[PDB]
Amino acid sequence: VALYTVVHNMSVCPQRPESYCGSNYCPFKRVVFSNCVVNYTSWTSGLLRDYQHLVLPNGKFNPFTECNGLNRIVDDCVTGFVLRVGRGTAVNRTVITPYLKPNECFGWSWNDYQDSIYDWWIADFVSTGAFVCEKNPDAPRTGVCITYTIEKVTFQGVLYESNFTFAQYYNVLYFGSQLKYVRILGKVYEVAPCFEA
Amino acid sequence: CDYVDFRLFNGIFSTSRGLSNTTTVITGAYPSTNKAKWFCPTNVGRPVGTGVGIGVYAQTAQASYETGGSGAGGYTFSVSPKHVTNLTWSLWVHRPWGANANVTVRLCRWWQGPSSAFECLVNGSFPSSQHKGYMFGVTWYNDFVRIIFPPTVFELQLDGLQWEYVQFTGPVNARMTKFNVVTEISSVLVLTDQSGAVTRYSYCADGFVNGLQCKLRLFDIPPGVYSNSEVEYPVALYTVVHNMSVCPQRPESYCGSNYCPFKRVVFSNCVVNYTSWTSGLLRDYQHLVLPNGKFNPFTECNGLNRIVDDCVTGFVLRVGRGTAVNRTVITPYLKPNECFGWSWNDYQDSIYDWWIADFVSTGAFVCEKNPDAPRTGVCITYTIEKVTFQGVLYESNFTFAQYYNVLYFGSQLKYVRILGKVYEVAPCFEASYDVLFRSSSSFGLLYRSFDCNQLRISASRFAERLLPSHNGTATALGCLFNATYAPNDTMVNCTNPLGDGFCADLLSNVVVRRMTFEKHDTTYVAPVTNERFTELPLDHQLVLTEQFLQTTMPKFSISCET
Amino acid sequence: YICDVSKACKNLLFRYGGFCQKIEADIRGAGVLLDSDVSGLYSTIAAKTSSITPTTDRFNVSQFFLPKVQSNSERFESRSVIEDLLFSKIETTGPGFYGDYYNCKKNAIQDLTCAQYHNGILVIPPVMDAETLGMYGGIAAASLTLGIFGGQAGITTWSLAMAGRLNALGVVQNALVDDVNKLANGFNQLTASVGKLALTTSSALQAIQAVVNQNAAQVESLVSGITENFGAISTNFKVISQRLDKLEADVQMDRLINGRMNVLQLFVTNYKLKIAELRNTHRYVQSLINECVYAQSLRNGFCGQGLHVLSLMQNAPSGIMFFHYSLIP
Amino acid sequence: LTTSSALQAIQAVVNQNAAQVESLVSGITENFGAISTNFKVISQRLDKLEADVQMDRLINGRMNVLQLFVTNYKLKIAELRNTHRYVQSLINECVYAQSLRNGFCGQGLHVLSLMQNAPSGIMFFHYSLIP
Ligand SMILES: *[C@@H]1O[C@H](CO)[C@@H](O[C@@H]2O[C@H](CO)[C@@H](O)[C@H](O)[C@H]2NC(C)=O)[C@H](O)[C@H]1NC(C)=O
Ligand SMILES: *[C@@H]1O[C@H](CO)[C@@H](O[C@@H]2O[C@H](CO)[C@@H](O)[C@H](O)[C@H]2NC(C)=O)[C@H](O)[C@H]1NC(C)=O
Ligand SMILES: *[C@@H]1O[C@H](CO)[C@@H](O[C@@H]2O[C@H](CO)[C@@H](O)[C@H](O)[C@H]2NC(C)=O)[C@H](O)[C@H]1NC(C)=O
Ligand SMILES: *[C@@H]1O[C@H](CO)[C@@H](O[C@@H]2O[C@H](CO)[C@@H](O)[C@H](O)[C@H]2NC(C)=O)[C@H](O)[C@H]1NC(C)=O
Ligand SMILES: *[C@@H]1O[C@H](CO)[C@@H](O[C@@H]2O[C@H](CO)[C@@H](O)[C@H](O)[C@H]2NC(C)=O)[C@H](O)[C@H]1NC(C)=O
Ligand SMILES: *[C@@H]1O[C@H](CO)[C@@H](O[C@@H]2O[C@H](CO)[C@@H](O)[C@H](O)[C@H]2NC(C)=O)[C@H](O)[C@H]1NC(C)=O
Ligand SMILES: *[C@@H]1O[C@H](CO)[C@@H](O)[C@H](O)[C@H]1NC(C)=O
Ligand SMILES: *[C@@H]1O[C@H](CO)[C@@H](O)[C@H](O)[C@H]1NC(C)=O
Ligand SMILES: *[C@@H]1O[C@H](CO)[C@@H](O)[C@H](O)[C@H]1NC(C)=O
Ligand SMILES: *[C@@H]1O[C@H](CO)[C@@H](O)[C@H](O)[C@H]1NC(C)=O
Ligand SMILES: *[C@@H]1O[C@H](CO)[C@@H](O)[C@H](O)[C@H]1NC(C)=O
Ligand SMILES: *[C@@H]1O[C@H](CO)[C@@H](O)[C@H](O)[C@H]1NC(C)=O
Ligand SMILES: *[C@@H]1O[C@H](CO)[C@@H](O)[C@H](O)[C@H]1NC(C)=O
Ligand SMILES: *[C@@H]1O[C@H](CO)[C@@H](O)[C@H](O)[C@H]1NC(C)=O
Ligand SMILES: *[C@@H]1O[C@H](CO)[C@@H](O)[C@H](O)[C@H]1NC(C)=O
């Protein structure tokens, strides 16, 4: 198998909004994450003792501790989200999960551990059509039969490099109801049937 | 506007997938093909145009070979709700004067296009096309923002946005950037080329023939008989049909001397004033005002829509009182089918009232107004007692039992009761018609379920329903309009059958004739038992008759897990 | 039928794997097969008469099988006396849309349309529609004489035609006037006994009622498919999206769309199942017209048991009734 | 094609076969309301309750299309059982013999009948003398 959540290159994501509210009470700072490549461990300070609770058993950083309607474990690509940040104080080392609306995920790491100060972030996954991944896609292996998934549609077949051109707004091209051409990383591939299945 | 380039519409149409040489219907918020809906006046200054709707589109003028040089056009425009406060989101889009200019797009909350805002979701600058004519747009139908500067499309759903009001300016050069505010959702038939790009469109509602083009997925319609074109009629919802009295008051939140449980009151079968649940001073409830200026009782729901659109089911309401630390009211744990809201009680001391509404099964409804009497004698798609039906209401002297609001005969809805008065439900027979089509300038109409005798269409019963096309010929096939009806002529060669032994002759003009069949003979000869006359043939015609019979199919093997 | 005026529902229909394209291709192709069969039937029915009409002497065939002559009233009737009795002995199915449809076909009022439209569904007549025609009149008239007078005309009377038929069946060598009158009395008593057929005793009236009862049960299914809510809070789509949140509005709209898809799909399957039966029923019907009605057959038991004298045919509700006359010992 | 009712009967079979094939092609292209047609995608992005709701939407959507194909295929087989008995009677009695049955090999006095293969079936050519 070969999944493509996206087929083009994405640029990097913005930074996490800063949690320090200046002099008074202020509302939170929202930033849209969409169509970009994200480094989730940039959202912490970087010292291991601040984010140990976010490390998965396989040694991987995970941004979230609790979700409503989604999987808290992030497997390399999610949809686009709106991210808001804030800051609190834990009593007896216990961060309380707040009320989560549907399609929201919560996470936190220590900011000033001795003073029990933490940053938190809530990601609200709204309809965007775009995706946030942790890496860019690769070029396909041509000339072998693979079960692909491209543009939410699964098909079994063989890709060959092609000199065909179709319009730049599309990433797949149909002839009637038959998938004939796809575009991956700017290059166009003819979809051929694997007759020996 | 004087000239809108309608060949630039091809670049803003797209399908979901890439389709080679196909013909398909797409649907969405699209620019009007009526040139009077566009805005491009030349004057001494830059004129400010406004509009109300769901979107906007724009075309820049042809820059190459126009004696312009470098000045192009700025097209500053903003989109906003009906009541702009500190708390509402708005859009601001600006291009500066000159070529190689960057469009700036800003979706922010401004306290005052201003420089400083509280926060922004889109704060972006990017290059644009100026070497040719260029078309772009921004739509916000059902709060789904779509920013279409081709080739890229930026999309974002933002609930409760409620954008409706559009303002736009443009500096006159030499012309001006043209503007069209979109008011409604359209269907468009499109034709693609080999590469999937749209090369031919046609809007489904620009005319009579255009609707038939979209029904058949064809641009060039050959002559024929095309059945079941339908007429759309407006809607009328009745969540209730009787008058309700007023609701009780909100329970008071002041607990007397000690700790006490909350006070519950049932709201059911009544008319509610939600802004009575606050103190009435605006600074206490500003967070409950929607962007359209409307009061909304709730800030958070579990399983329901927090925006209340004029009627909900009955609920049990409990109140209470708390203290906010650093002006932050915390939403508590909400059981399913519950909604939460709050307003300030003593703002300086940070004291607030709250209320939780638990929508339990009651069978009854809480509305913000009483229903109205129906408009009789027009075909409306009604919804009454959770059942949707299309039809016509007439006042009636019929009586049925007071426990019921609808009355069925078998499975047919015959009578309803609205505000104590009983109405007969009648069918609107003119909702469906066929087209007896020669070309775009010669067609006839057949209303197959409509008996249009002159007594019926002249009555006061049919006064509000009479269109000019209902004055046709009453046939056994229905009402035939602007076709001639000739049931004494015959045709043995019928290419266009209508049913019931009728045929449509579509050669010169639209005529309805009768079908016939060629009479055959038999080979059985009766025996000759006495002297009489008999009829013998003189010669014979040799005849070839063909007969097809299907005998085979391919076999299938199915792996249903695969 | 699914999404009555709701534009929000129509934007959701593309998700289902070509449902609405496949429905409209199946119901249209089935009517093409229906029109192809009914057209072949009426080119078989249409047949030449003699230019001199023979006289029925004592055989009362014109009073029963031939269209009723227009009386002193401007109410034209195309049906015979037998064809009227077959429409009027079929029981009603009660109030509703189909009972309104049957009574329009039964009453046969001139220039009155019987087509109905409900909820996106048009009821169109077929290419000929037997239910408004008399068998032995009209443009596509059947021959009354072709199977006992034959295809070479000249036999002057029904008494001379029946005498030759009794001779060819080997029961009388040369039929006298008492032999032919005995056959004319037995014909007229049997034909008058058709007007006393009850539904409880007649297996031909029972076969018509079974068709009429299956049509009403199918119509109630389409009426119930847009009346009930399948578990959603309303049949109004805009109501559903306004009162619920996004997850529960998408669950309940999926309940309405699938509930209406299942009822509509079941109608198309039953309609295709009835077309497929009628392909080989029509070939059987064309053989009865060609070999029993318009000729004299040699096949034992094919036109009834016994020695075959005459066969006639009449229109019925949704079909044709064959009247076979035989001599059994 | 516009004038020949035998060519029209062949085209009706060929048009019904294409419409059935598009139904099987569309049944694995569309997502029936789920977020993807990839099952591993669905279980990775959603929680346990919503992953089981959306997988049930794909499985039932594909089950309905596949089941409809088998029903239509069985409906066509059941028609062809009694069509074959009619076809065997035309070969035995019109093509390989001389029949006595009025109108069974066409109307009129029967001279000759021949048969040819067609797309998905057989075409009979009946030659007759009518006066
Ligand atoms: C993702 O973010 C982490 C956290 O900042 C980056 O790790 C740091 O990278 C810099 C390189 O400029 C090093 O000097 C630091 O020692 C790294 N660790 C910490 C804790 O700051 C990392 O480079 C980013 N990118 C990737 C691909 O992981
Ligand atoms: C909308 O926001 C403006 C600016 O944030 C508010 O104006 C301030 O009002 C306070 C009094 O409430 C003054 O002390 C400040 O000097 C004002 N200006 C600024 C720049 O802060 C305004 O009151 C708000 N309006 C509403 C209705 O909330
Ligand atoms: C939106 O973007 C503009 C720049 O594209 C921001 O303007 C800058 O803001 C910073 C911080 O206040 C100033 O130091 C710069 O002088 C500004 N101008 C520039 C870079 O030309 C603007 O602040 C952004 N808006 C928000 C709400 O962040
Ligand atoms: C709904 O409740 C509001 C809030 O009390 C009512 O508004 C007040 O009406 C009285 C009339 O007796 C006025 O004197 C007040 O000035 C109004 N405003 C406030 C803030 O108290 C309103 O009348 C009620 N009814 C409707 C239909 O809105
Ligand atoms: C429908 O059309 C008919 C035919 O034009 C109208 O009947 C004519 O009405 C006029 C009144 O202006 C009379 O003077 C004529 O004698 C009528 N008969 C003809 C012209 O043959 C009828 O009025 C129209 N009805 C409606 C409701 O539009
Ligand atoms: C067959 O038709 C003849 C027509 O001549 C019928 O005979 C007449 O019937 C009417 C109706 O009852 C009587 O009033 C006449 O007295 C009859 N006349 C003669 C000469 O018979 C006859 O009744 C018909 N037979 C059947 C069984 O319907
Ligand atoms: C916190 O810890 C102290 C002692 O460590 C304990 O007495 C107290 O109950 C804990 N909880 C809170 C909410 O203070
Ligand atoms: C594509 O174009 C190049 C350049 O002419 C050619 O060498 C090659 O054969 C073409 N086809 C493919 C499949 O690469
Ligand atoms: C996509 O990203 C990779 C990252 O290394 C880069 O090397 C490549 O040039 C980019 N563009 C294309 C078209 O692959
Ligand atoms: C305009 O955009 C280009 C490309 O994004 C950028 O290099 C340039 O600095 C921008 N100039 C201004 C004035 O915004
Ligand atoms: C369809 O595309 C083909 C090439 O794939 C080309 O002949 C032409 O552009 C189109 N032809 C027709 C008949 O639409
Ligand atoms: C409230 O505000 C003060 C200063 O304004 C701040 O120090 C404190 O962390 C805030 N939060 C709480 C829970 O007290
Ligand atoms: C109802 O009754 C009144 C009073 O007799 C009468 O005038 C009217 O015609 C009746 N029918 C309708 C439909 O109002
Ligand atoms: C219903 O309420 C309206 C409110 O103005 C009132 O005028 C009317 O009399 C009431 N009753 C009926 C039967 O409409
Ligand atoms: C029957 O009509 C069609 C179309 O009008 C025509 O092409 C054909 O030649 C006609 N045939 C006869 C025999 O009239």
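Indexing begins at 1, ligand by ligand and atom by atom, following the structure's order. We use all heavy atoms of the structure for the numbers below, so side chains are in, but hydrogens, waters and symmetry mates are not. We name chains A, B, ... by the order of the sequence lines, and we start the count at 1 in each one.
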For B:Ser125, which part has a heavy atom under 4.0 Å from ligand 10: side chain, backbone, both, or neither? neither
side-chain hydrogen bond (donor to acceptor under 3.5 Å, both in side chains) between B:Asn210 and B:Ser202, intermediate numbers included: CA-CA 7 Å; B:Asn210 296 108; B:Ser202 175; 2.8 Å; yes
Does a side-chain heavy-atom distance below 4.5 Å link A:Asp50 with A:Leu48? no
In a check of ring pair (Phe, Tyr, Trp, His ring centres under 6.0 Å) between B:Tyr30 and each of B:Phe9, B:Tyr201, B:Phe13, B:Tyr203, which one passes? B:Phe13
At a 4.0 angstrom heavy-atom cut-off, what protein residues surround ligand 11? B:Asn21, B:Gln194
On the 0 to 90° scale, with breaks at 30° and 60°, tag the B:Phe179-B:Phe77 ring pair as parallel, tilted or perpendicular. perpendicular
Taking atom types as modelled and ignoring hydrogens, do the side chains of A:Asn136 and A:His8 form a donor-acceptor contact shorter than 3.5 angstrom? no
Pairing of A:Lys29 and A:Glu18 as salt bridge, 4.0 angstrom limit: no
Please identify which atoms of ligand 7 are closer than 4.0 Å to at least one heavy atom of A:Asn92. 1 (C), 2 (O), 3 (C), 5 (O), 8 (C), 10 (C), 11 (N), 12 (C), 14 (O)
Does D:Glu22 pair with C:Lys22 as a salt bridge, N-O distance under 4.0 Å? no
